[PDB]
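Heads up, the thing below is written out as structure tokens.
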Amino acid sequence: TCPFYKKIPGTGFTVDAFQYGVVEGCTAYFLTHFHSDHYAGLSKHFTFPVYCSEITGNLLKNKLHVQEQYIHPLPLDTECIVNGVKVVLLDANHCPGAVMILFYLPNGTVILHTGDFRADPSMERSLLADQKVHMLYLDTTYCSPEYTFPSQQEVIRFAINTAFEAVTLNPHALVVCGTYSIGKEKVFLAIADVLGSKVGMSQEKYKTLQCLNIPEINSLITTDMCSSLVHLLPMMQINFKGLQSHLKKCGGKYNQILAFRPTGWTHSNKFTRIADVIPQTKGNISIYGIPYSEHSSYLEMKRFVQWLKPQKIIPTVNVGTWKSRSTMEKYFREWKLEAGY
Ligand code: NI
């Protein structure tokens with residue numbers, strides 16, 4: 001059974017609710033982004049209307065084989081009527097194709113559903129500027145002040161400089177980058193651009209990237225592993241054993257691996273600066289964990305919400321424990337007393 005925080009009151013709509021069977025009263029199922037916790041339940045046998053971005057719809061058709069007749073892609077930043085209700089999709093600054101949804105209810109209430117997002121001051125000049133929001137359904141993944149991390153730009157600067165130094169010292173080093181979902185493509189694309197290489201990967205991952213509308217992508221990626229000195233591998237293989245095994249397969253072309261694991265936050269963020277990050281090393285293998293986030297830090301979240309000034313907040317993450325729920329409610333009240341709404 002579908003939880004309340006996935007239903008939009010006064011509509012026939014649900015958000016990210018495909019694992020509950022046929023939801024009573026649902027006339028349109030929205031999907032914010034193509035991550036498995038959110039699409040859980042979708043397949044070629046789905047026969048209800050799915051509303052989403054163009055990029056999410058390419059992934060639904062090619063990767064999950066959803067039939068074309070049920071995919072309803074909407075342009076961004078454009079007022080659209082769905083089943084008699086005005087909606088707008090906005091860029092969530094999460095993974096490719098990820099959106100927030102603005103619903104203009106027939107009674108006059110306005111609801112923002114963030115999906116998964118990384119709040120940014122650029123959102124203060126979207127179509128959100130133009131009117132008031134009564135209810136905010138908020139991605140609270142890192143809603144506590146311990147969760148700090150650098151800008152995506154500082155993290156990419158670190159990765160490019162680290163990879164370029166290593167491969168210039170040793171032209172026989174291979175760079176490997178972990179992945180287990182869409183998102184964080186800038187990591188491997190930026191490193192391959194500074195090295196003058198295409199990115200090599202499996203046919204399955206190549207197919208996924210081909211659905212993302214990235215400009216000039218045919219110039220940047222390949223399935224020919226032998227032609228590339230930046231390889232993608234599943235995140236589970238980014239360990240000394242899995243990397244040793246990979247290096248065997250490259251037929252003596254390389255004599256060193258430098259590998260990256262983009263994580264979210266880790267507790268080494270509570271002590272260390274990005275500049276000071278060091279790898280784990282075993283012999284001719286080194287592994288860097290880099291804190292590349294596609295979710296809001298605590299401070300970015302708090303700025304967005306203090307700007308938006310919603311009348312009510314409904315968290316969509318960390319809702320399963322009383323301790324988490326009580327923590328989140330305390331920060332919401334601080335924010336409101338500090339800003340005066
Ligand atoms: Ni996500």
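Just follow the structure's listing: the first ligand is 1, and inside any ligand the first atom is 1. Only this structure's heavy atoms are used, side chains among them; waters, hydrogens and symmetry mates stay out. Nothing fancy with the numbering, it's 1 onward along the sequence.
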Review point. What do you reckon, are the aromatic ring centroids of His267 and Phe271 less than 6.0 Å apart?
Key: yes
Practice item. Would you please test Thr114 and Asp139 for side chain to side chain donor-acceptor pair (under 3.5 Å) and show each step? Key: CA-CA 6 Å; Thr114 66; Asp139 168 12; 5.4 Å; no
Check your understanding: Any side-chain donor-acceptor pair under 3.5 Å between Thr222 and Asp224?
Key -> no
Point to revise | Residues that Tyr51 engages under ring-ring contact (aromatic ring centres under 6.0 Å, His included), provided they are two or more places apart | key: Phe30, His72
Practice item. With the side chain counted from C-beta on, respond yes when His231 and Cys250 share a heavy-atom pair under 4.5 Å apart, and no when they do not. Key: yes
Check your understanding: Using 4.0 Å as the upper bound for N to carboxylate O, is an ion pair formed by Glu294 and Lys184?
Key -> no
Revision key, fill the gap. Ignoring waters, protein N/O/S atoms under 2.8 Å from the Ni ion (ligand 1) are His33 NE2, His35 ND1, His94 NE2, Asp116 OD2
